[PDB]
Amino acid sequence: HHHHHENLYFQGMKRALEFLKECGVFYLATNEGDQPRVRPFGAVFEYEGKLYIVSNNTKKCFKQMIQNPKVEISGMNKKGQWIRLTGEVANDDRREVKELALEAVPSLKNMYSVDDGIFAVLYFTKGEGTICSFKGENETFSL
């Protein structure tokens, strides 16, 4: 990842965001040492050209992402197209991002609030993805 290619990465980020929105639910894979872990995730938003996911700083999945920032996401839309997005995540501790998350995905307010001490937002510092279709060439992108 290079900051001066941010114009290119932005287009890949927007495609990933769009596609993950089409999927609705998607699956986030982490490691706990040599044990893979996977669970459904369902909230994504953009801020300052970055793709964010949300979690809770008390959860195993969060602790896993801190201990090993490498993750992979996969999901499928109603047409049977699917994504694989490989990358690294960083926790963003800025209060303003938490506020924005709750406005972008207001259903989050059912569980989280800005000053609850548990709400976490994390973004992809880098990543590479492929969107696969039954018919047609793979679409590849970077963020």
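Throughout, we count residues from 1 along the sequence that is shown.
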As stated in the PDB record, which stretch has the larger average Cα B-factor, 130-138 or 117-125?
-> 130-138
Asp93 - Cα temperature factor, lowest/middle/highest third of chain | lowest
Thinking about Cα B factors across the chain, which third does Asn56 belong to?
-> highest
Based on the entry's values, in what third of the chain does the Cα temperature factor of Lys109 lie: lowest, middle or highest?
-> middle
How does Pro36 rank on Cα B-factor within its chain, lowest, middle or highest third?
-> lowest
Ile66's Cα B-factor: lowest, middle or highest third of the chain?
-> middle
